[PDB]
Amino acid sequence: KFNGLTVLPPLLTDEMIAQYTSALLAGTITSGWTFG
Amino acid sequence: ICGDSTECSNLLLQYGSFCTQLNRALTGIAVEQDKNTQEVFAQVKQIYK
Amino acid sequence: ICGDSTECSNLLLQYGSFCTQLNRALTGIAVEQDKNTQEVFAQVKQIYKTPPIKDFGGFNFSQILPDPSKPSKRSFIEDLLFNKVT
Amino acid sequence: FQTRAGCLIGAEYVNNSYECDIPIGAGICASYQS
Amino acid sequence: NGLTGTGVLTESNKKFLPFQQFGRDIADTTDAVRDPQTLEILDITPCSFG
Amino acid sequence: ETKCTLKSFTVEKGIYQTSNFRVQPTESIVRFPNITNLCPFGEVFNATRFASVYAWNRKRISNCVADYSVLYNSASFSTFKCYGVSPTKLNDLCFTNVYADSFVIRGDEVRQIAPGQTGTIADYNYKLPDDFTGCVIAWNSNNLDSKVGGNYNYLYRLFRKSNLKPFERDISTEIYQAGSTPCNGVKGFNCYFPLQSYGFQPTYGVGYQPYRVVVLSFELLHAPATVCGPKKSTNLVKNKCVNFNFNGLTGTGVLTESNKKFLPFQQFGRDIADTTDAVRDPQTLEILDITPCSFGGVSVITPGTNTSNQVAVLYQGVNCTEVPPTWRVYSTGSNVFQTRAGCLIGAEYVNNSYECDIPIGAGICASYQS
Amino acid sequence: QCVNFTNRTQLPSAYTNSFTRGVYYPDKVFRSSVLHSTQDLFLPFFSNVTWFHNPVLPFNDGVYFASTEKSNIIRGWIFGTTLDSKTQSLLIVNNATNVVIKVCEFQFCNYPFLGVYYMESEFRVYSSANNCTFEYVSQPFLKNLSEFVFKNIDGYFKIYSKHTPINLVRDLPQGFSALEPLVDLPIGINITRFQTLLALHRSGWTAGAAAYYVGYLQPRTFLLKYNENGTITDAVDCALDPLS
Amino acid sequence: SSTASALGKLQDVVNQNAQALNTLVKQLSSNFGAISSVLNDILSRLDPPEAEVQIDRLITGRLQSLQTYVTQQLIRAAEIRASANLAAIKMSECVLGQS
Amino acid sequence: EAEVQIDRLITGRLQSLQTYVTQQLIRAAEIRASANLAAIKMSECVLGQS
Ligand SMILES: *[C@@H]1O[C@H](CO)[C@@H](O[C@@H]2O[C@H](CO)[C@@H](O)[C@H](O)[C@H]2NC(C)=O)[C@H](O)[C@H]1NC(C)=O
Ligand SMILES: *[C@@H]1O[C@H](CO)[C@@H](O[C@@H]2O[C@H](CO)[C@@H](O)[C@H](O)[C@H]2NC(C)=O)[C@H](O)[C@H]1NC(C)=O
Ligand SMILES: *[C@@H]1O[C@H](CO)[C@@H](O[C@@H]2O[C@H](CO)[C@@H](O)[C@H](O)[C@H]2NC(C)=O)[C@H](O)[C@H]1NC(C)=O
Ligand SMILES: *[C@@H]1O[C@H](CO)[C@@H](O[C@@H]2O[C@H](CO)[C@@H](O)[C@H](O)[C@H]2NC(C)=O)[C@H](O)[C@H]1NC(C)=O
Ligand SMILES: *[C@@H]1O[C@H](CO)[C@@H](O[C@@H]2O[C@H](CO)[C@@H](O)[C@H](O)[C@H]2NC(C)=O)[C@H](O)[C@H]1NC(C)=O
Ligand SMILES: *[C@@H]1O[C@H](CO)[C@@H](O[C@@H]2O[C@H](CO)[C@@H](O)[C@H](O)[C@H]2NC(C)=O)[C@H](O)[C@H]1NC(C)=O
Ligand SMILES: *[C@@H]1O[C@H](CO)[C@@H](O)[C@H](O)[C@H]1NC(C)=O
Ligand SMILES: *[C@@H]1O[C@H](CO)[C@@H](O)[C@H](O)[C@H]1NC(C)=O
Ligand SMILES: *[C@@H]1O[C@H](CO)[C@@H](O)[C@H](O)[C@H]1NC(C)=O
Ligand SMILES: *[C@@H]1O[C@H](CO)[C@@H](O)[C@H](O)[C@H]1NC(C)=O
Ligand SMILES: *[C@@H]1O[C@H](CO)[C@@H](O)[C@H](O)[C@H]1NC(C)=O
Ligand SMILES: *[C@@H]1O[C@H](CO)[C@@H](O)[C@H](O)[C@H]1NC(C)=O
Ligand SMILES: *[C@@H]1O[C@H](CO)[C@@H](O)[C@H](O)[C@H]1NC(C)=O
Ligand SMILES: *[C@@H]1O[C@H](CO)[C@@H](O)[C@H](O)[C@H]1NC(C)=O
């Protein structure tokens, strides 16, 4: 923000990305491939 | 390109609509970024534990 | 950029040969589009036909196979798709 | 309402959680029930 | 002192050697001006937009 | 033609685009309104008395036909300076709202009368806009506007609080607080009368005598034209690609009896981006519509210069009814065909169907057996 | 030949909503089935409109004047700065015959009016008219709702008009009606105030049913829609709401 | 048959192309710093020694606009070619055999 | 004559801005290709054996 530049935040926060990775990993440990 | 000057704005006004399409392109890529991340990661319907 | 004016053409010809490559790029684009369609669809060498009598074990393909009644020779779903989008 | 994306007026914030309809940013988005 | 610009002026703790008149950081943007009279260091921030 | 446009002495089998073709126009038409009466310019120039710069005289001229040749060819004018137009083109333009501003000035300030200028009278008495279009006329008046004893009826203002907006006249004769001392209606000290006269005597040399100056200001295409030059109208012909000049509007195309309806106050019509689609003729008051005569692109089909020299010519997106680059050789009796891509000359259609070499379009494609 | 009065009439000026009235054709260019955005002086949507049941009102940039008139009691108009002999003034009158427009240095007294005799023969609006510059005559201008728009731009006095059949009692109708240009005058005055003229029944004046609506103009940007016949049917004011 | 807006991608492609053509056409109405946006008028209003300057301004403006349009077209064409290549792979693999 | 210099500055800055936008477009296309590959890999190797 100096003379017209603007940086917009990403829609998905880092916490949500962590939640998706955790969900994928916990699914593939327990279910295998059947959950896909 | 003007830095809040009236005469600069008036002179720029007669150059057409370059800025409209510039902002349009930037907005397009900005939306594409979020679409990209959501496509890559959101592969599940629930949240397993 | 000249609108059929001689003076504009004379002033323009001293800008070099921009328009040659300007036309070349568009021609390349058009040829590429034709090649795209050809390579996507023309995957086969012949033109097969379905038999007149259709007993596919109970499966019903009437919604997908072309309708000879319609002059367009397109099936129902294809007509829906063509009508929906401009 | 004040959020990381900016300042939002004309809409009320709730404690529920639904799917996303009109993305706003920083993890929040809005919808029509007001 | 001939350097013109629009912004909001705050107090700053930066230290100038006794011969500078104004500072900048990078990409050549002014950020601090020493006023001619009171010889104190101010700080410039662009007032908000969006 | 393809050899020349491709810069080789050999060409390979295929289709190449060479050039474009257009229908040439004929029988140029000029159509101007019927109003014809001599326009009163002499009395403005030949006026016995002019006015001071701070009270410059303005006259509005409309509904007349003007001859600027008498003004241009006369050498009595020392300075004849036009800015937005050429002096010789003034007899071929139609436009409204002629403004004539006349006064008399000092000899040395004559070059302050120009856009983007700074001076004494330039900012306090008469300021022109930067985008001013028109002409300025300056000519000496020593024999008339100068007196041996010195005439002083010509005034000018030297003191003012600020400058003047373009095309503005001020006649406020009030004392000016020149210094910090208030005047309160009394000059005293640090207060002077803004206006003072001129010391015009024949004793002074060149660059000092009074000069009569008149400026003509115009407008360009913003109303139904009211003032026109000395030009002769003609008749109109329809359904032919012709050059036309309707009331100073120049164009080229075919004119047709339009179907759209005009409310009683428009003059023309357009759809997108300055495309004048309809026009009302100034004399008959009949609506017409304009569409440019046909044009298109031309391409060739050749089986390769190593095999033969026969070629076929395709005119893209052009109805085969009218076709005749001149190339009358392919316009006399050669075989013709019509496809959705355009008109084809030199190739014959055959009911037999099989794979082709040189694609043309819309499912039609050609090859060498003829 | 004008005298003062004792019945100090005081018009009960109330307020009403502007709704979406006061849209006119801005240029002389035909357009069909197109959405065109133009910036000009207009009457903003949903503004205050003053209702008068003859005070000197300021002119400002321009004036929208409306009347749900019956039997056409309103006759004329006065325009100027001081409305005296010291400054140029504009006068408009519309009797049972062709209108009369004059630009002269009149001498206006306290209560100008036409006057009717019962076969009318009466005209005592002013007292003197020494210097005259411009004159004009054309067709008469005038249960029914009559709308007029007066603008003064670039030494040009533009007058636009429209007539509509209406049946509502008091409030302005909730509908759309474009205003076709009526006349342009190439005369330059520095008008700042205006008035109104009444033809009181002189036989004791009886003019009480004199109602008119006054609104003012501001510069802004509008979006206009032209249908196939070239008639303006819809408009959108840009600077009114985020939706707009 | 009932629900619309299910064909967003194709509609977006069509809209992008149409909008590009529309803005390219509308660019013809700008002065680019000259005195008028119509060329016949300035040809028929003043002497060539300065008509050349005005035509220079018009020419450079229109050249810039045309170059921008061509570059945008090239980028879009590359993207569409990538999509078509993917579609060809999909038809070859899933239609002509089990994947 | 100030308008001429203003015009020169305007055209220079406009050209620079256009160059920046074009570079951004190219880079975005490249990144999109990479992310498409990443999505394919995550679908084919994480959710199943390849
Ligand atoms: C496949 O499905 C179609 C769609 O229902 C069937 O067509 C219908 O057939 C019945 C009986 O012949 C008619 O009453 C309907 O009017 C038909 N619908 C339409 C839209 O044509 C078709 O019969 C099915 N296939 C077979 C072999 O029965
Ligand atoms: C310039 O600024 C003012 C102008 O008069 C003066 O500064 C003040 O001077 C008095 C007299 O000694 C001191 O008591 C004040 O403390 C000074 N104020 C400041 C803010 O310094 C002086 O003429 C000049 N001051 C300087 C620092 O150059
Ligand atoms: C002002 O009047 C003089 C004379 O009355 C005009 O002089 C004319 O000059 C032309 C060219 O030399 C002659 O052909 C005419 O015969 C002259 N007029 C007369 C009446 O003899 C002069 O043109 C007038 N000024 C303008 C602007 O028309
Ligand atoms: C070329 O022009 C001719 C003459 O108008 C067209 O022939 C007419 O076509 C219309 C349909 O488009 C028919 O209704 C008429 O009966 C035809 N003959 C006439 C008017 O005499 C011809 O169609 C045009 N070519 C193309 C490709 O449109
Ligand atoms: C019409 O206007 C002229 C011009 O102002 C008037 O003539 C002036 O009248 C005043 C009144 O005392 C004098 O002081 C001026 O000397 C007169 N001449 C000028 C050039 O201003 C005139 O009185 C007005 N009325 C009529 C009927 O002519
Ligand atoms: C536009 O103009 C046309 C041409 O007059 C109008 O069409 C007429 O409308 C009236 C009223 O419905 C019908 O009685 C006529 O028969 C119509 N004319 C024809 C030739 O059919 C039309 O109403 C106008 N308005 C719109 C919105 O189209
Ligand atoms: C939402 O919940 C938080 C904590 O549970 C509380 O502080 C806040 O007031 C709540 N807001 C609403 C609108 O319920
Ligand atoms: C010009 O002459 C024609 C034919 O005499 C006539 O119809 C037309 O009305 C005249 N022009 C005007 C403006 O009256
Ligand atoms: C022309 O074609 C013949 C037969 O294929 C070949 O022998 C000859 O070399 C070719 N000539 C050229 C110039 O290509
Ligand atoms: C096939 O040949 C016949 C000759 O009798 C002709 O009339 C017909 O038009 C041809 N078909 C096509 C599609 O050209
Ligand atoms: C006096 O003025 C009022 C206000 O207009 C009016 O209603 C009333 O009729 C008038 N009376 C007479 C006698 O003129
Ligand atoms: C304007 O309209 C408002 C809203 O009804 C009203 O309160 C006000 O009295 C009106 N007049 C003025 C001068 O604000
Ligand atoms: C009033 O009508 C008469 C009838 O000819 C005529 O003087 C003119 O049309 C009108 N007069 C004024 C001053 O409006
Ligand atoms: C209302 O105006 C219309 C046309 O503008 C006219 O025909 C009608 O006679 C008028 N009604 C009255 C009562 O004057």
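The deposited coordinates for this entry were obtained by cryo-EM, with a reported resolution of 3.3 Å.

### Section: the overall build of chain G
The secondary structure content of chain G amounts to zero helices and 19 strands. Computed over its C-alpha atoms, the radius of gyration of chain G comes to 19 Å, within 12% of the 18 Å expected for a compact globule of 244 residues. Each of the three principal axes of chain G carries a C-alpha extent, and together these read 55 × 40 × 30 Å. The proportion of buried residues among the 244 residues of chain G is 45%.

### Notes on the interface of chain H and chain C
Contacts between the two partners involve 24 residues from chain H, matched on the other side by 25 residues from chain C. A combined buried area of about 2400 Å² lies between chain H and chain C, and 74% of that area is made up of carbon and sulfur atoms. Of all residues in chain H, the largest losses of buried area upon contact with chain C belong to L7(H), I59(H) and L63(H), amounting jointly to 20% of the total for that side. Counting across the chain H and chain C interface gives one salt bridge. Elements with a minimum of two residues in the side of chain H that touches chain C: α2 (39-43) and α3 (48-95) of chain H. Among the elements that take part in the side of chain H that touches chain C, α3(H) stands out by supplying 17 residues, more than any other. Among the residues making up the side of chain H that touches chain C, the classes are represented as 15 nonpolar, six polar and three charged.

### Considerations on the site of ligand 3
For ligand 3, the full set of nearby residues is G42(F), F45(F) and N46(F). Computed on the free molecule, ligand 3 has an accessible area of 560 Å², of which 22% lies beneath the protein chains in the complex.

### A short note on the UniProt feature "disulfide bond" in chain G
With its sulfur atoms 2.0 Å apart, the UniProt disulfide linking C2(G) and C109(G) appears as an intact bond in this structure. Residue class for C109(G) comes out partly exposed when judged on its relative accessible area of 25%.

### Concerning the side chain of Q112(F)
Structurally, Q112(F) is set in the loop between β6 (98-105) and α4 (120-124). Those residues in contact with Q112(F), other than ones at most four positions away along the chain, are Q117(F), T118(F), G119(F), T120(F), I121(F) and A122(F).

### Things to note about the state of the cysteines
Scanning all chains against the criterion turns up eleven disulfides over all chains. At a sulfur-sulfur separation of 2.0 Å, the disulfide partner of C94(F) is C228(F). Judged by the torsion about the S-S bond (130°), the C94(F)/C228(F) disulfide is right-handed. With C94(F) in the loop between β5 (79-82) and β6 and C228(F) in strand β13 (residues 227-228), the pair connects residues that are 134 residues apart, well separated along the chain. No difference in accessibility class separates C94(F) from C228(F), as the two residues are buried. Sequence-ordered numbering of the disulfide-bonded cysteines in chain G gives the connectivity 1-3, 2-4. Lacking any disulfide linkage, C7(D) is separated from the closest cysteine sulfur, that of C47(E), by 17 Å. Here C94(H) stays unpaired: no disulfide links it, and the sulfur of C45(I), its closest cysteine neighbor, is 17 Å away.

### Points about the nonpolar core
Side chains of a nonpolar character, in soluble globular proteins, are inclined to be buried together. Residues and elements named next belong to chain G. Counting 27 residues, the largest nonpolar core has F59, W77, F79, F150, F157 and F194 as the members making the most contacts within it. At the level of secondary structure, the elements contributing two or more residues to this core comprise β7 (62-69), β8 (74-80), β9 (89-93), β10 (99-108), β12 (144-153), β13 (156-165), β14 (178-185) and β17 (212-216). When residues in this core are grouped by element, the largest group, three residues, is from β10. Beyond its immediate stretch of four places on either side in the chain, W77 contacts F65, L90, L91, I92, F148, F150, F194, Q195 and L197. In terms of nonpolar packing, the next biggest core, distinct from the first, is built from 25 residues, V23, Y64, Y226 and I232 among them.

### Focus on the sheet that holds β5(F)
All names here are of chain F. Taken together, the five strands give an open sheet; going across it, the order is β3-β6-β12-β7-β5, and neighbouring strands pair in antiparallel fashion. Edge positions in the sheet fall to β3 (57-61) and β5, since each of these pairs with one other strand and no more. On average, each strand axis in the sheet is inclined to that of its neighbour by 15°, with strand direction left out of account. Summarising the sheet, β3 and β6 pair through five bridges and their orientation is antiparallel.

### Points about the packing of aromatic side chains
Scanning all chains against the criterion turns up 47 aromatic pairs over all chains. Positioned above the aromatic ring of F82(C) is the side chain of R74(C), whose terminal nitrogen or guanidinium carbon lies 3.9 Å from the ring centre. Over the aromatic face of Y208(F) sits the side chain of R106(F), whose NZ or CZ is 3.9 Å from the ring centroid.

### Concerning a nonpolar patch on the surface
All names here are of chain C. A surface patch of nonpolar side chains, amounting to about 430 Å² of accessible area, comprises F56, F59, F61 and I64. By the secondary structure assignment, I64 is in the loop between α2 (18-41) and α3 (76-84). Assessed through its relative accessible area of 57%, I64 is described here as exposed.

### Comments concerning the interface of chain B and chain I
Put simply, an interface is often sized by how much accessible area is lost when its parts join up. At the interface, 14 residues of chain B touch 20 residues of chain I. Buried surface at the junction of chain B and chain I, both sides included, amounts to about 1800 Å², of which 76% is carbon and sulfur. Counting the surface chain B buries against chain I, the share from its top three residues, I1(B), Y15(B) and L22(B), is 29%. Inspection of the chain B/chain I interface yields one salt bridge.

### Regarding the arrangement of the chains
Contacts between protein chains span eleven pairs of chains, and they are most numerous for chains C and H. At their nearest point, the C-alpha atoms of chain B and chain F are still 13 Å apart, with no contact between the two. One thing to see here is that chain E and chain G don't touch, and their nearest C-alpha atoms sit 16 Å from each other.

### Points about the environment of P292(F)
All names here are of chain F. Structurally, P292 is set in the loop between β18 (287-291) and β19 (295-302). Distance from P292 to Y198, taken between C-alpha atoms, is 61 Å for residues 94 residues apart in sequence. Filtering out sequence-adjacent residues up to four positions away, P292 remains in contact with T252 and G253.

### A word on the sheet that holds strand β21 (residues 336-339) of chain F
The strands making up a sheet associate through hydrogen bonds between their backbones, and the pairing can be parallel or antiparallel. Residues and elements named next belong to chain F. Read across the open sheet, the five strands follow the order β1-β19-β20-β22-β21; overall the sheet is antiparallel. Because the sheet does not close on itself, it has two edges, and the strands there are β1 (14-22) and β21. Adjacent strand axes in the sheet meet at a mean angle of 25° when their direction is disregarded. Note that β1 and β19 share eight bridges and pair antiparallel. Looking at β19, one finds that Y16 is bridged to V300.

### Remarks on the environment of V214(G)
Residue and element names in this part refer to chain G. Assignment of secondary structure puts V214 in strand β17. Assessed through its relative accessible area of 3%, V214 is described here as buried. Beyond its immediate sequence surroundings of up to four residues, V214 is in contact with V49, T50, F52, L57, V63, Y64 and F194.

### Focus: unusual backbone geometry
All names here are of chain F. Even without a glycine there, the phi angle at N184 is positive, about 55°. Within the secondary structure, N184 is located in the loop between β9 (176-177) and β10 (191-192). Phi at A273 takes a positive value of approximately 60°, unusual for a residue other than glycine. By the secondary structure assignment, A273 is in the loop between β16 (268-270) and β17 (276-280). According to the relative accessible area criterion, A273 is partly exposed, its value standing at 32%.

So, how was this worked out
- Within each chain the numbering goes from 1 in written sequence order, not necessarily matching the entry, and residues lacking coordinates are not shown.
- For naming, the first written chain is A and the first written ligand is 1, with later ones following in the order written.
- Although these chains sit within a larger assembly, the values stated refer solely to the portion shown.
- Hydrogens and water are ignored here; the side-chain numbers use all heavy atoms of the structure.
- What counts as a helix is a DSSP run of H or I of at least four residues, what counts as a strand is a run of E of at least two, and both are numbered from the N terminus.
- As defined in this context, the radius of gyration uses C-alpha atoms, and a globule is described by 2.2 Å times the residue total to the power 0.38.
- Only protein chains enter the area calculation, which uses a 1.4 Å probe; residues under 20% of their type maximum are buried, those over 50% are exposed, and those in between are partly exposed.
- Two residues qualify as a contact provided that any one of their heavy atoms is within 4.5 Å of a heavy atom in the partner residue.
- Reported buried area values correspond to the accessible surface (1.4 Å probe) lost by two parts on association, with both partners' losses combined.
- We define a salt bridge as a contact between a side-chain nitrogen of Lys or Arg and a carboxyl oxygen of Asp or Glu at a distance within 4 Å.
- All amino acids are sorted into three groups, where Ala, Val, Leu, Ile, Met, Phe, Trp, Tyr, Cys and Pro are nonpolar, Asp, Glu, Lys and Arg are charged, and the leftover types, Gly among them, are polar.
- Any residue with a non-hydrogen atom lying within 4 Å of a molecule or strand is treated as near it.
- Computed by Shrake-Rupley with a 1.4 Å probe, the accessible areas treat only the displayed protein chains as cover when residues are assessed.
- In this description, a disulfide is simply a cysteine sulfur pair whose atoms lie within 2.5 Å.
- UniProt positions are given in the numbering used here, feature names are shortened, and annotations may be inferred rather than shown by experiment.
- Buried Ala, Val, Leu, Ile, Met, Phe, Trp, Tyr and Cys residues form a nonpolar core when they are joined through side-chain atoms within 4.5 Å.
- Pairing between strands is defined by DSSP: at least two bridges between them are needed.
- Angles shown run from 0 to 180 degrees and are taken between the N-to-C directions of axes, each axis being a line fitted to C-alpha atoms and, for helices, limited to the stretch in contact.
- What counts as a ring pair is set by centres within 6.5 Å for rings of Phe, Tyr and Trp (its six-membered ring), and what kind of pair is set by the plane angle: stacked under 30 degrees, edge-to-face over 60, tilted for all other angles.
- To sit over a ring, a charge needs its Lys NZ or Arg CZ within 6 Å of the ring centre and within 35 degrees of the ring normal.
- Within this analysis, patches are made of residues with over 30% relative accessible area and no salt bridge. Like charges are joined at 9 Å or less; nonpolar side chains (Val, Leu, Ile, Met, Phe, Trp, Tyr) at 5 Å or less.

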